[PDB]
Amino acid sequence: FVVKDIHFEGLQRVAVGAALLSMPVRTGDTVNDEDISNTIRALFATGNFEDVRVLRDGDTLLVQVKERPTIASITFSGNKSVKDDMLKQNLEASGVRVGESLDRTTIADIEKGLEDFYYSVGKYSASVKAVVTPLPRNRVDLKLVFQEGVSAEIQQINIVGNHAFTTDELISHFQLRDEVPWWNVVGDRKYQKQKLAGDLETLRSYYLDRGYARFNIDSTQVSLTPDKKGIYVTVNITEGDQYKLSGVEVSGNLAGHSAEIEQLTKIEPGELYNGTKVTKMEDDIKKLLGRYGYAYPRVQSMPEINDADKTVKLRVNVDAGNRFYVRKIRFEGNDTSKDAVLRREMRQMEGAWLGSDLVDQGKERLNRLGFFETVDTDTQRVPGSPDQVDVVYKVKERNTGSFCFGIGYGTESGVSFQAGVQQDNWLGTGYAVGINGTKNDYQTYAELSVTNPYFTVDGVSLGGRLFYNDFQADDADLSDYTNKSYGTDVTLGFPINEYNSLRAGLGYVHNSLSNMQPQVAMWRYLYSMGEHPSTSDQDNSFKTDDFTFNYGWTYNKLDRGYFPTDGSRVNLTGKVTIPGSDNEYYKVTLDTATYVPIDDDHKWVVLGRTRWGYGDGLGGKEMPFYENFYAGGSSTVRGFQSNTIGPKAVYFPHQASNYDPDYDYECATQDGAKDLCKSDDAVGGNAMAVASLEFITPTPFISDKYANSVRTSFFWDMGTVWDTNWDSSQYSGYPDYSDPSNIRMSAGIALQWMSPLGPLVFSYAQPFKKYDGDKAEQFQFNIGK
Amino acid sequence: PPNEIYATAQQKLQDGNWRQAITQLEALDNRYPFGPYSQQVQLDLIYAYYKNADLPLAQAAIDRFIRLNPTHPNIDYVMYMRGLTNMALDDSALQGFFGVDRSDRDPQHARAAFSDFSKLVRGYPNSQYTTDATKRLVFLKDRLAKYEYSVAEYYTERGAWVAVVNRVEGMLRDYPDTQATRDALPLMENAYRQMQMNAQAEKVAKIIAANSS
Amino acid sequence: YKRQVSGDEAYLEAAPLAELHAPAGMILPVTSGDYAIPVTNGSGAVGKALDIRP
Amino acid sequence: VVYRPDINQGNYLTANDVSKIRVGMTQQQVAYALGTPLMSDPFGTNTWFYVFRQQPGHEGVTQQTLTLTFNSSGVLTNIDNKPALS
Amino acid sequence: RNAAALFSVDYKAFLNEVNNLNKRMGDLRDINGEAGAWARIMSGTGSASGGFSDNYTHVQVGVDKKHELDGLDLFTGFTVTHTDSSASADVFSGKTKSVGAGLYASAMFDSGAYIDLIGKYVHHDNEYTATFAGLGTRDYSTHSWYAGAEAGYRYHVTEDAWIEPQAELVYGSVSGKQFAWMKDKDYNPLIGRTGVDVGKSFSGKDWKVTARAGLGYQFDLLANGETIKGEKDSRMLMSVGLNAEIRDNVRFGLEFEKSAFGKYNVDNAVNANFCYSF
Amino acid sequence: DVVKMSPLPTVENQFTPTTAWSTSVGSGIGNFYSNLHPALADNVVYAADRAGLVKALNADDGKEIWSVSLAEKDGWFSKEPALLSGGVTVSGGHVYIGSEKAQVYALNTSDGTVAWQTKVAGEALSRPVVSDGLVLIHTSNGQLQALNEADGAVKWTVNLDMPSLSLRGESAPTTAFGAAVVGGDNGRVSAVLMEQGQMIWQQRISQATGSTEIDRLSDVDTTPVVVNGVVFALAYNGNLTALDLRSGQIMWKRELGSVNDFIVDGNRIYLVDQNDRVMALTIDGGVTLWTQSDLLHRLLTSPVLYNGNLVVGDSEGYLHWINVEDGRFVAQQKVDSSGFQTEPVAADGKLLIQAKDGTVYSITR
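The record names cryo-EM as the way this model was obtained, at a resolution of 3.4 Å.

**Side note on the packing of helix α6 (residues 146-158) of chain B against helix α7 (residues 161-168) of chain B**
Residues and elements named next belong to chain B. Axis separation between α6 and α7 bottoms out at 8 Å; the angle between their running directions is 165°. Between α6 and α7, the angle falls in the class roughly antiparallel. Relative to α7, α6 is oriented so that their crossing is left-handed. Where α6 approaches α7, its residues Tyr 147, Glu 148, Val 151, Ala 152, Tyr 155 and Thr 156 are matched on the opposing element by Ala 163, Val 164, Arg 167 and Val 168.

**Some details on the interface of chain B and chain C**
With 55 residues of chain B in contact, the opposing surface of chain C contributes 45 residues. Taken as a group, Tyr47(B), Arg173(B) and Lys203(B) account for 12% of the area that chain B buries against chain C, more than any other trio of residues on that side. Here chain B is connected to chain C by 0 salt bridges. A per-element tally of the side of chain B that touches chain C places helix α5 (residues 131-143) of chain B first, with 9 residues. Counted by class, the side of chain B that touches chain C contains 23 nonpolar, 15 polar and 17 charged residues.

**Examining α6(B)**
Taking 1.5 Å as the rise per residue, α6(B) with 13 residues should run 18 Å; its terminal C-alpha atoms sit 19 Å apart, in good agreement. Taken residue by residue, α6(B) has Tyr147(B), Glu148(B), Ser150(B), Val151(B), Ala152(B), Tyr154(B), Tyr155(B) and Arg158(B) as its buried positions. Next to the buried residues of α6(B) lie β4 (330-331) of chain A, α5, α7 and α9 (186-194) of chain B together with β1 (7-9) of chain D. Two residues or fewer past α6(B), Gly159(B) is found with a positive phi of approximately 105°.

**Describing the environment of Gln145(F)**
Residues and elements named next belong to chain F. As for its position among the elements, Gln 145 is in strand β12 (residues 144-148). C-alpha of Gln 145 to C-alpha of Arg 50: the two residues are 95 residues apart in sequence and 22 Å apart in space. Those residues in contact with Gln 145 that lie beyond four places of it in its chain are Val 120, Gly 122, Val 135, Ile 137, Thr 139, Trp 156 and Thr 157.

Calculation notes
Residues numbered from 1 in each chain as written, not as in the entry; some residues may be left out. Chains lettered and ligands numbered in written order. Heavy atoms only, no water. Residues with missing side-chain atoms left out of burial classes, pairs and counts. Axes fitted to C-alpha atoms, helices over the stretch in contact; angles between N-to-C directions. Helix = DSSP H or I, 4+ residues; strand = E, 2+ residues; numbered from the N terminus. Parallel < 35°, antiparallel > 145°, perpendicular 65-115°, else oblique. Left-handed = near helix turned anticlockwise from the far one by under 90°. Contact = heavy atoms within 4.5 Å. Buried area = accessible area lost by both parts, 1.4 Å probe. Salt bridge = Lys/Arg side-chain N within 4 Å of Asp/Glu carboxyl O. Nonpolar A, V, L, I, M, F, W, Y, C, P; charged D, E, K, R; others polar. Expected span 1.5 Å × (residues − 1). Buried < 20%, exposed > 50% of the residue type's maximum accessible area, 1.4 Å probe, protein only.

See below:
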């Protein structure tokens, strides 16, 4: 009964167990005559048998099945608008996977299935190359070149049934746009088989805002045309009468709080059956009812369309269950961070009641830390009890840190060999470590900041900072005072509200100024509470030890943070020396940036960014010249030189040069300028008032796949810097720097595209009220951080 | 050839350094997966993903021996090695010598190393590799016991007296012989004394009686 | 290396087992299974060169 | 000073459901209207505690706890309420 | 002095713009240049004969476009540049700002016989100030054009290490100084550079490094820059660089570039940006 | 996308038309597929446009031009078109045209200003065929709404089982001894009487049951003509389905479905399909089936028999006078350079062909 010559030649080439031991012919072959669905078409047909001839006896055995060559990783050459990511599931779903050989008759199952993947455009007959491989064996590679069958151009879009409105208003209200203007990029003719559910839902809600509750189609839709250049759209809208929405009565007890829901559900008499208001009134069970203890409410409302008196009313229901208590909170995914670093930005703890405004308040505070970006809410209910629900938050645990020696820009502060070894957030304890050892053309600023954001229970932060400036002010478009400074300060911040960031803390400040040029603006500070410096030479050393007390306040009502569209950012910064230090002064600085949008999609925002500041001595003394305010280039008033707005420098005529150079911005020299000597070098002032209006209208350059990076803006700046202790009666023939002078204003264009080598802040401006001594610049960019 | 790999089967990586015999394992499986001499090298995908410290990558082939070979004599033997590839994800090399306690972290990788050890002692009463797990499960017992203790430590720091008493009772039902229950007992009397309920607080009032440690 | 274990072999060291009692009175864990080792342990041996063939 | 967030402890308490409870009610009727308690005391018996403790910003703490003991059958549910904390 | 170092500063501004293959456009070999997220910030110094010194910081920013054909890679796109040379030898102080734009294209064939075309136009405003010379301001507004044509082949010696030669001809229509205290003429610079590029690359499981080199040689044919006309130049430009793209990395190696003996010798142009995400 | 334009073959010049008046009527046709064909009746050439204006012409040079405004629908700041795409057909001195805005007009031959209009729930896309005082208007939704010639009082509507995946609705229904045969928009044949439309019989004629992955198969814009008691309907990828008029159940197809219109001329019935090749199918047997595949993908229009030749259009405005028995005779001229999209007609010895720029010619050859 068992045939001995079932094994053939060449069958043990690739598979010796999947093509030889996958048949019941050995050890248990019972049927011999009607062997049609027992051996060849029962289990062996799935493996490698796709032939037609039945296995007969040995006297007429001429089967001789040859093993077909296998298939390798087929590289799809000629990728015409198709990627290799989505072109992967067409081989094992309906076809032959790797390992098993192509039997040269199931290739139609491989072929039919590639044209059934192109459903975004509607190619029902795609030119797929069904050819034979020239090479015989040894991991052959098929030839699969995909091409386009038809085009993707639409002819026209027409609408009928305009009984109350016009025709051209509905094109701009939809997502269809076939015209490109001179101020945008979009407006091309593109069709999609998945966008039909996007433009039709806004059509029904548009006419539902006019009282037409009987808005329905006449049993027809858009015919499916898979790009035959013969498309034809027809939407026959029907409208009725503008009804009037009456008052909404409360039917049933809404969890014992039905008396507080009537004052918001009731509307003014004379309002129509609005379409966008009935959607925004069914979610009113979470602002005051779902915040008590309820997690999963069920409230329905049916429309009572009464065409007799044109009065439509609605009845509310409630299908609430139990009190929906809260159980223990699980935190999964904390690999690189600890569990205690994220348990305080929640505002919803265990053994309490679930609030609707207690979950998203902790979700927006867990995402603003910057440790991860994938934050979700998995409110899983226990199957044992209908109460004591569990909440599970999602994390991502992304990395942070920076080390690199990226050179900066070259137009404001010169070449910057910024080292910047930014050792970021630590091993999980939540410690904002920061080191920035930069080196610009005029400074060598280094930092070491260790900030603990939660030193106390609720929100108090304690963090120190060590700095060492050692900056040379001759290269910062100033005159003199090459200053070598260092110090150490701590800051204990006390938040008083959800948006206020009041801070306090002491700090030591050391200063060592040398090579100071004799001038009237800075020697008035040295004359007050100090010795008379040597006017015969340079190198006038002056050491200063301070123990100032720093305070501040920050109002950060903002929505996005990176590119803000609505909100205000107020920041205050002040300091005052304690009695016991060297000098006695105080200074305050007020920053204000308000984003006001004038549209609904948050793309047309007016930015009223202002800037203030004031500082003076504490009676009988003067504010030091190394703490003055500066209005300069692309930080306060875009369109001028770096630190040029303010009072200029008038020098003292003496022979105080070291090796007697030609000028060195000093009178009484070999040139002969003895009396009435002045210059145009800014020295800063006691006060500063800078205001700027800005428009954030978008750019007509990039509208293809990204729009949240390029931020083209138009602005109009304004600024002035004056001194408060300048004598107006002692010095004649000089411009009086003792009053708020003429405002220096400018305007131009801006750009805030983020580059991979740091954020690029480009701002080209043109000065409008440039005066004497104020040098102006045009191209002011900023790259490298 | 089946003899070109068995001739160097005694020459493992004790003489070569890194990459002399790694690619020699992927030789016979690409030609025939049902050979008499090739069956020992085709089912070695769980070590080439494990040797290069790719611990989440090697976890995709742990469920292989359950479906194809249920009558193997080493089913009781492969239930121990599942904890070796899961406890490496529990503790990291960064917090190894820095003195950082890894108990206040995600215990998800500790339960994956526990579910195979739980079926090992309940599935077979007399196994062959169990006494090495007794020194290994005592490290997994005290690791996820100090996790809920740190949650109970934080709730006393905020003032949540109801939230802390639900965590210590979560440590009172499935932690009989760990170290974290010795310090969680003063956390019970602190929450009960701050609350007005004092019907049972006198029974849990005394803590330090004889255990002076 | 066929029968060999490499990578992070730092799981060999551990902490000793400590056993405490309930001196407060009838406070015993009664519901185990989700985080607790069962009451029995078993017996076995120790060694290396794990059979990693499924 | 520093502001305090909402510190809610225990389960919710309503003035209408706390009055309509008698002595000797079974565990099914108490855990149906009021719900399951968030306090589980396995010390000897199985007693239930219904604490209504909330702490808003800079207003101190409040507490309204209950003490309902049970037995193996679910009787002797004596009313022991403390609406005024000390 | 007047025509050797005071008015000959326009030739060094023209020589600070020409660069190598991967410096005028970036890493375009085996790199998908679809998005325009690239920036080439390069700083350095240079010194010539006669006590001359230069300090330039040339940045680059632009956007490219990828377009494939039948074996002919056509990568188009435009860019904008900005160069700030602090030329101050002994008597003056340069504060130029070479702000300009320009586009480029590629003709990468199958056998590595690429014909790269680069065209850019820059305009620099000078702010020279003659110290110890009794002069004032010398603000100019001259312009510069560039019509370079990069040509080169590629010899696949090894599967990981490649050897490629280079032959570029750079054309310009610069004017010079019009208010030299003297007029100028429209002379065309003919800066040409030949040489081979020694390449070496490695890879791994998920990381890849690149260790390039270079032994190019500049040889210009025509040089008649007069505002006295200039002479010929002959120098070698050794440029050894390194790059590495690991998944927890961006860059690792430096961008060393040194010039040989000649008229103007660029000293060093190290542009290392080794940072780390951990 | 998948194939390019075919090259120009050799030409045979035996006749050359000289006179061809170029009157740019309307404001332009555009890239819109419609069935606005010119008509010739009582030595008046009728030329309309989608803008709303219609201007009559003459057969000699194109005089007697009047400009009226029937489709304006705006009297506030400007005018607005109605997208007329029905067709210009004359029947008893009344021109009945269609529109894409669900409007049916009745243009008069006296002045053309007085034009009564009715409201139809469907869109007018088919050619308006008027017979027995009823204007048969076949919409794209499959409904059949007849209109009276005087006022349009009764409007009976009948619908068939029409599924999705349809292209157009430009099938023009004709009548046959009171039984108005309607070209089905679902691969069906509807031979119904034109009174109310009670009895509806359906027979699937396409190969949509055999094929599974298809896009457009149950849609043809063809007209059924009935000669010698034998009907002739068409289908996509099918063939002729020459039934009896008595609602039979027996059917037979061969191959090579068409989308354009056809004409019957004795035994050699000319056919033009999507491959832009002309052939002559017989009644039964398939005798001397010659092909014309040398002019493929050139946008061939509906052929007409003009002086013993089949003249068709082209995508660039060329001419191809195809022979009637074999088609080996090719004649090319130059009357336009824009292109030919409107299917021409043949009546009263004048070739009325409209191009894509809104001009009509009178080729006499």
